[PDB]
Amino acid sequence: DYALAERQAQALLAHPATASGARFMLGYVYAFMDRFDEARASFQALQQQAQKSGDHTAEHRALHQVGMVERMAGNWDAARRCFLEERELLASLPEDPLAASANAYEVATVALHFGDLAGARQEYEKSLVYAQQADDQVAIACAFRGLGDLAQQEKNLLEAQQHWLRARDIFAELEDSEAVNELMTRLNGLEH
């Protein structure tokens, strides 16, 4: 599957006119194949291109992607830096609730990873409300799962339960049976 996509995208890289779609593709492709060093380099070339061109739209997008791989690489400090910087560019750009939800959600994950629980509460909450605006049901679902996991960490199981049943419900309508199942582990582990 993946080693097939890698050649397709490597053919797209040969031609200046398609090279940038190749890099976006390779970033993700390499991220699936768990090769985070090539995914980062792939996403960074796109960032550097956005810088020497102006458009802070390609740049914010490349930054979020770089921070995504940093997170997957377990470099949480580099991730923090990328999402904080992406947040700056966005404050200067025209409003984009989808961009802001994805950024909010990622800042909430980093914050939770580092123990700023009140901060993660606020970011998942932003991420949720921005997702309603943008109509992205999967982001809404993910936000509730995130709030619930935050609640469990605080031993607020009454809250964890309510948020996890909501995320579970949305994922079922989306027919994402993997996410439903994972929220079931969470919920049933809520016993004695």
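Don't overthink the numbering: it's just position in the shown sequence, from 1.
- In this entry, the higher average B-factor at the C-alpha atoms falls on 28-36, of the pair 56-64 and 28-36.
- The PDB entry reports B-factors from which the mean C-alpha value can be compared for 39-47 and 147-155; the larger average falls on 39-47.
- Per the deposited coordinates, the residue with the largest Cα temperature factor out of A79, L93, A102, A108 is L93.
- Ranked within its chain, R23 lands in the middle third, by CA B factor from the PDB record.
- The PDB entry assigns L12 a C-alpha temperature factor belonging to the middle third of its chain's modelled residues.
- Sorting the modelled residues of the chain by their CA temperature factor places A131 in the middle third.
- In the deposited entry, the Cα temperature factor of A73 sits in the top third of values across the chain's modelled residues.
- In this PDB entry, the Cα temperature factor of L112 sits in the bottom third of its chain's modelled residues, the lowest group.
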